[PDB]
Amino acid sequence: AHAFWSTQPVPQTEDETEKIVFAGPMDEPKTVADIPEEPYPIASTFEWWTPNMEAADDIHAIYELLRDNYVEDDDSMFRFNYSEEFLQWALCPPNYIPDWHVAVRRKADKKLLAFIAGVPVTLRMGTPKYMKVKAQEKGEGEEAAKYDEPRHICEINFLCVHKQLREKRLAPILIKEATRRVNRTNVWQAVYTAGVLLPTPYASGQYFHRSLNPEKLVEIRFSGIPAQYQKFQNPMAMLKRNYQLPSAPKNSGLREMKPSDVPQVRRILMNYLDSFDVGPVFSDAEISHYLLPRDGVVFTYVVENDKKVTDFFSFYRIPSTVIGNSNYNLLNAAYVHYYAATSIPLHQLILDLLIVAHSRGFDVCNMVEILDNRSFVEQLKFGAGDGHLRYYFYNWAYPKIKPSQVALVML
């Protein structure tokens, strides 16, 4: 059933996943010396290319591949259009490894055909709380604690093959070359997410969406007018009213994040993320990189009253090309990123996220039901969407966990 995935160090079935009681590696321990410096073989008409994702023109080349060939819905209505600025931000965090950005080009004429990207992340990925309890009950705490220390691993994203080259087994070769490049740097695990079901997720969460500009969303067929609104003389007027928001934030002391807020934001974020089984550990340099505002890319606000930062939220922008329509070329989506609340309930903090996003011209706010995202769904009028984000590890056995025990946001 899976000619490629059956050959890789990942759990092969749900049944297998059920037998997993401790975090730890799947594969033989190996060393960098066991990995060849010769690149993985590829047919003679293609070549590997390493783009420089800090250089405008190479970012632009990858940007066009993704704009024309990346994730789309099944009815070919919308295709993600991650911006050039977004790609530089997502792919070049502190201490990134340029060799982990991997492309394939056609050799004759240098046409770009495929891409995959890894970035470093320090992740807590030790045995989860409910399974450490089971271990204590069996006298197996030593084995369950073996890999408690946060690990320096790889996060994979942006795998893309050109539409003309689909179903030719190019994605497996991309994945094996990426694995070689990561292994050459003495890293042996990865974390990745996808919408599709592959062998075998350790967690799965549904997507949720919150309408900000319902008239546009109905026009482009992202949304429909629900049946119940047909009982009204003006269904659209009533739908707009339903999703109406304040025109300015409600929380006293809300302001954009600045560099001097980095230590306090790191403190409150790391205290909060510690409560979840799987989550990142960020340095001050990483907090700066992933959270300081960047025009068109990431938006972050702190609540500061009386000279103390007590809460914050962040969101990032992913537009989509509107493939079929005549009034509109883009869908502008805001995605909930990291946050932490110590002074106000989460629903009150995230209402200000929706207000700022609407003010800035976003059409919808989306999120996965990770973190405590379920805690404000109903009051803030999010609804569940037809999509899931499945969380996977490469070369790491891991017990199934609930999505509310995952604290890693993937872009």
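In this text, the rigid core denotes the largest set of C-alpha atoms whose superposition between the two forms falls within 1.5 Å. Note that residue numbering follows the sequence shown and begins at 1.
> If you line up the core and then measure how far each C-alpha sits from this form in 9 other deposited structures of this protein, which stretch comes out higher, 364-372 or 49-57?
With the rigid core fitted, 49-57 is the stretch that strays more in 9 other deposited structures of this protein.
> Would you mind working out which of 226-234 and 123-131 sits farther from this form in 9 other deposited structures of this protein by RMS C-alpha distance, with the rigid core as the fit?
Clearly, after the core fit, the stretch farther away in 9 other deposited structures of this protein is 226-234.
> So, looking at the entry's B-factor column for Cα atoms, which has the higher mean, 239-247 or 103-111?
Looking at the record's C-alpha B-factors, the answer is 103-111.
> If you average the CA temperature factors over each stretch, which comes out higher, 385-393 or 19-27?
That would be 19-27.
> Looking at 181, 79, 209, 308, which has the biggest Cα B factor in the entry?
The record points to 308.
> In terms of CA temperature factor as recorded, identify the highest of 195, 139, 214, 98.
Checking the PDB record, the top C-alpha B-factor among 195, 139, 214, 98 is at 139.
> Compare the C-alpha B factor of residue 317 with those of the other modelled residues in its chain, then answer lowest, middle or highest third.
Lowest third, going by the recorded CA B-factors of the chain.
> Pull the Cα B-factor of residue 61 out of the PDB entry and bin it into the chain's lowest, middle or highest third.
Its C-alpha B-factor belongs to the middle third of this chain's values.
> Divide the modelled residues of the chain into thirds by Cα B-factor and specify which third, lowest, middle or highest, holds residue 323.
Its C-alpha B-factor belongs to the highest third of this chain's values.
> Among the chain's modelled residues, which third holds the C-alpha B-factor of residue 372?
As the PDB entry reports it, the C-alpha B-factor of residue 372 lands in the lowest third of its chain.
> Ranking every modelled residue in this chain by its Cα temperature factor as given in the entry, which third contains residue 348?
Middle third - that is where residue 348 ends up once the chain's C-alpha B-factors are sorted.
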